[PDB]
C-alpha cells in the first residue's frame, strides 16, 4: 500500500512523515519536500517526465526561462518566442578579485520575437514532445497555437502555426539583404545574420519595417554563419525538414576500447521533396572525434561562435563520433613505496571519521570514504579492519535501502521514495535540492553505488538482485535508465549531444542548466561500471562505459580546455568551475577559497580518476596557475587534493608537500579541512601519492580488451594493472602487444 518490495529492500510510494530530528532551521526543513506539483506538458507527453535537461525550464515555468539551443538563445513569453544570438560585442570576461571569481557570459537580449498573427497573449508554453536532444514547445491560447521545435546543435528553429500565421517582430528594423519572396536573408541593426523560410508562394511582407509577416502556417528560422547567399541557398535545402525524432545510438567495442555514437534525426517534410535530414551544428567534443565516414558531410566554412567555442558543419541524416574508453580500476593496487606501518596507522586513524550530516550527500561522502579505505586495508594485511569497513557499509546501505521499519510503517529518514508525478527516486534526508529540484542524483547516488560495488567485490551474494542488488539497480535506473523504463526517463542526468551531465533537475535559470563537479559525475559512471562488472551485468556496464567516455570528452573541452582553443585569452584561470548552457564561471555554489574552485572538478579521488592525468601539460598548467594565485604551496583548503593532483605529473613535489604538512593535525575534525578534505583521508592520500611515485604517468595510448585496467609509463617502462572480478582466471591483451594472466578476484600485481 505505502511501499514496494525490491529484493530484501523497498522504496516508499507515499511521501513519508519526515523525522526532522528536532532541527528547526527552515532551509533544512524545506529540503525535505517534493518537486513541483505542476508540470507544463501537453497530454501527448505521458509517463516518467524527463528532467536535468538543457530545456527543462519549459516544463517547470509557465513559459520558460532563457535557454541555449546553441547556436541560439531563446525564451518563451506570452507574446511569443524571443530569439537571440550572443555576438562578440555581447560577450564579456569579468573578474571579481575580492571574491576570487571570474565570469564569461553574454547578454539576455532579443534580436527578434517569433509571433503568432492571432495573439500576443499566450496563456502558457508546454513541452509537447522531446527526443534525445530536441524539444517541441507549444505556446497555447485556445484555438491559437504555435509549436516551436528547437535543439542544442540545431541552427534551425521550426515553427508550426494553428489558427494563424507568422510574424517576426523587431525593436529596430532589420536589413533584409536577400529577398527571394518566400525566403529572406536578414541582419539585425547590430549585424547578426539570420534567415527565414516559408513555403513557395507565401511571400514575406513588411520589408524595411520593424515587423515582417508571412501568411504561411509554417516557417523556419536559421542562424546564418555569414552574410552569404550561397549559405542561404544551402539552408533552404533543409529548412522544410522538421526534426521529429533524434537519437544518439552507441556501441562499445570491448576489444579496441572504441565507443562509437551515431546521432540520427528523422524529419517530416513541410514541402514536396524535402530531404530526410538537417544541418547539424557540432560542438568541439563531437567534431574533434568525427568518424571518417562522416567527414564528407562537413560544411567546412559553416562556423558559429558560442560559449563553448566554435560550432561547425554538417549536413545529412546522421553523423558519428568515435572515442576511446581508457578503463577504470576498483582502487589503485599495492605498488607504492610507502612506510606500510605508517599507512596502517592512518587506516586505524580513519575509524574516528563520521558523516557530517544525515542527508544523502554527506552520508554519501562518508560511505565513499569507507569504500576507498577497505581495499587499502586488505592490501596492508589489516583484514579484519577491511571487514569492519565493509560491515559498516552493509549496515548503512541495508538501512537506507529499506523504506519500512520493524513495524512495517514508513520510516521518517534514511529511505528512498518514488515521486510518481515526475517519476524519480528521492532520498530523505535530502540536501542541495536533491528532492525539491531533482538535483544531483548522479553526485549523491554515485556514492551509494561506490559502497555497493566495494561490497560486491568481496561478497557477490549480498549484491544479488533478490538480496540488496535490486535496490542498488533501482537507484542506478533513477539517474541513468535505459530506454522504455516504466519508472524513469531515459538517461536522466546525461545530455547525449552536449556531451555532459546537467545537475539541476528543473533548469529554471536564465543561463540554462549547469554542472559544477564533473568529477562527481565521472565518479558515478565509474561506480556503475564497477558494480555492473562485479554483478555480471554487461548491458549496464557498457552504458556506464559510454557515459564515462563521452563525459570525459566534454570535460576536457569545456571544464579544462586542454587544447587551449575555447576559453578567451583574457580569462585568467586554467579551469571553468561551473559550466552553464549560456556562460562559464570560476566560482562555486557555496562560499569557498582558491583551491576549491579547481578541486571541486577533481574530487573525489578513486580508481576511475586516472582520466584527470591524460593531459600532463594541462595538469602542469592548471597546477601552476593555482600555485601562482595562492602565492606558494600553503593551500587555503583541501591541501591533500592538490598534492594528489600534482602527483599526476610531479610525484616528488607532491611527496615533499605531503611530508611537510600531512601530520599537522591529528584525527578527523569536521571544523578543519585545511589539510584533509572531509571526503578524503590521510590513508587515501598517502597510498595515492606513493603509488603514482612508483607508477609514473597515466598512459592513455594503450588500451585493453577487458574493461577493468590501467596502464602507466615511467620513463618508457610500462606497468600494466588489471583487476579481475570473475570466478575464473582471464587473459588480457593490451594494444601494444603485451598480455597478462589474472587470477580470480584479484589484481595481476599488487594485491598486497
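Rigid core: the largest C-alpha set superposing within 1.5 Å between the two forms. Numbering follows the first chain given and starts at 1.
Superposition on the core shows that, in 4 other deposited structures of this protein, the C-alpha atoms drift more in one of 311-319 and 511-519; this is 311-319.
Between 265-273 and 190-198, it is 265-273 that carries the larger average Cα temperature factor according to the deposited entry. As recorded in the PDB entry, 309-317 is the stretch of 309-317 and 517-525 with the greater mean C-alpha temperature factor. Per the PDB entry, 410 shows the highest C-alpha temperature factor of the residues 148, 475, 410, 401. Comparing the listed residues 579, 433, 419, 352, the entry records the largest Cα B-factor for 352. In this PDB entry, residue 56 carries a Cα temperature factor that places it within the lowest third of its chain's modelled residues.
For residue 113, the recorded CA temperature factor ranks within the lowest third of the chain's modelled residues. The deposited CA B-factor of residue 69 belongs to the lowest third of values across its chain.
Residue-level temperature factors show residue 606 in the middle third of its chain, judged at the C-alpha atom. Residue 661: CA B factor lies in the highest third for its chain, per the PDB record.
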